[PDB]
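Consider the single chain below, provided in structure tokens and representing the form deposited in one PDB entry.
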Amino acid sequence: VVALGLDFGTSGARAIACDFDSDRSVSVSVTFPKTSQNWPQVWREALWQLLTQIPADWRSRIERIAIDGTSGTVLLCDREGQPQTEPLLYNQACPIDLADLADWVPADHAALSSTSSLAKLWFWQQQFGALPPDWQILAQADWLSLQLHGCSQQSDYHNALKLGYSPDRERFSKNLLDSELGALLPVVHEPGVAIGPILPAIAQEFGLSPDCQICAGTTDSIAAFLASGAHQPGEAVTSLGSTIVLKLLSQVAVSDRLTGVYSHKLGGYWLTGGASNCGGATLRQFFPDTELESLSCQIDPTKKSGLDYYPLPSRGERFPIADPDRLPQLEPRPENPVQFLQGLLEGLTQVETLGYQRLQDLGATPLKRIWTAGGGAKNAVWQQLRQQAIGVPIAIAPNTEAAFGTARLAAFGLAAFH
């Protein structure tokens, strides 16, 4: 099957069309401005540009399309999908009392955060006083796919989670549905399942098959995990980016409020997650990528630095141990930059190790192997340290681009996760 994945991320958007029979693919991209006063037009136009850059003979073969978007980016629209105010972005927080959400979700629910879609919807409710029932709140992915299939109030149980959805029971609470916000809530499907055929005019304009199906979407981080192709419980993806982000596939859902750990539903499984403030950003405080790699090549992995670092970029750690007061621990500083770098990498390695240990201690399926993403993935010495410390097979992820994972989502759904 030839399928199209669309990734709308934090800095831009990418389209990947893939024939999963010949395993052949094509990828195109657009870049966002740092700031916009009309993000809906930016995203919509980006969608059209992405479609345009894809070769016509690829578009003529695309059978299924899926879209991932940033988690917490929402749009308040009318019944026609027309935005009634500026979107609230993923990284924006709303000055609301979380107690106002208490009767709508369980006590340990991930939606109980000032940056959640639910919190934002409530913020809008307060701002407007009363919201018309014919209106709708849509995730970025929801709205963008709405541009393609024309079905209003449609979402997935990944995006809908922080809107107040409970994927463990597959429903919004009765209280939330019966409330003054219920009519704006979307119909929730499993990511990957067909929502409806592409709109005729869109298909004609972009030379797509009129029978091309538009699927339920997902989030960009989940799509990133889906790119790896890991579908066995105990398999994990480590993102060695600016911050170290761990995602572990598990048969058991786990969560922890203070460390920000929670679990997405993933077919019959659960994707548990945890993010440390430690990461590449701490490394960039001392070395540029070039010098970082050149110095990395000189490290003897059989030695130990004798340094016990906790490489925070600044005050406060979230995961594996929540500590808002913890300062960066980078003393002492050896004269040798090689030993110093080794201390740093050892620290980050400890962060990863203790991270997966933490997820397991919360009840998650024990770790079997690591697929690595992010800029640190190709650091061989670092991978050696991680291998020695963690004790499971570690390799570079086959794919890391969210658009590819979303393409796989369109092609096969979540069928592999049972």
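Quick note: we count residues from 1 along the sequence shown, nothing fancier.
Novice: Going by the B-factors listed in the PDB entry, is the mean over the C-alpha atoms higher for 126-134 or for 337-345?
Specialist: The stretch with the larger average C-alpha B-factor is 126-134.
Novice: Once you work out the mean C-alpha B-factor for both 111-119 and 215-223 from the entry, which is higher?
Specialist: If you average the C-alpha B-factors of 215-223 and of 111-119, the larger mean comes out for 111-119.
Novice: Between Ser263, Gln140, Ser173, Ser209, which one tops the list for C-alpha B-factor in the PDB entry?
Specialist: That would be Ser209, according to the entry.
Novice: Choose from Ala160, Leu144, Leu246, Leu307 the residue with the greatest Cα B-factor as stated in the PDB record.
Specialist: The listed residue with the largest C-alpha B-factor is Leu307.
Novice: For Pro55, does the deposited CA B-factor place it in the lowest, middle or highest third of the chain?
Specialist: It belongs to the highest third of the chain when residues are ordered by C-alpha B-factor.
Novice: Could you place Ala13 in the lowest, middle or highest third of its chain by Cα temperature factor, using the values in the record?
Specialist: As the PDB entry reports it, the C-alpha B-factor of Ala13 lands in the highest third of its chain.
Novice: Based on the deposited C-alpha B factors for this chain, I'd like to know if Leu385 is in the lowest, middle or highest third.
Specialist: CA B-factor rank for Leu385: lowest third.
Novice: Mind checking which third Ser228 falls in for C-alpha B-factor across the chain?
Specialist: CA B-factor rank for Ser228: lowest third.
Novice: Looking at the C-alpha B-factor of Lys34, is it in the lowest, middle or highest third of its chain?
Specialist: Highest third of the chain for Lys34's C-alpha B-factor.
Separately, the form deposited with a small molecule bound exists; it is not shown, and the next lines address it.
Novice: The chain here is shown without the small molecule. Which stretch in 283-291, 310-318, 181-189, 332-340 comes within 4.5 angstroms of it in the entry with it bound, by heavy atom distance?
Specialist: Selected stretch: 283-291.
Novice: Just give me the single entry in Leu240, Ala110, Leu249, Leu144 that has a non-hydrogen atom within 4.5 angstroms of the small molecule in the entry with it bound.
Specialist: Selected option: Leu240.
Novice: Though the small molecule is not shown, can you say which of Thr365, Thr349, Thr372, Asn379 has a heavy atom within 4.5 Å of it in the entry with it bound?
Specialist: Answer to the contact question: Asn379.
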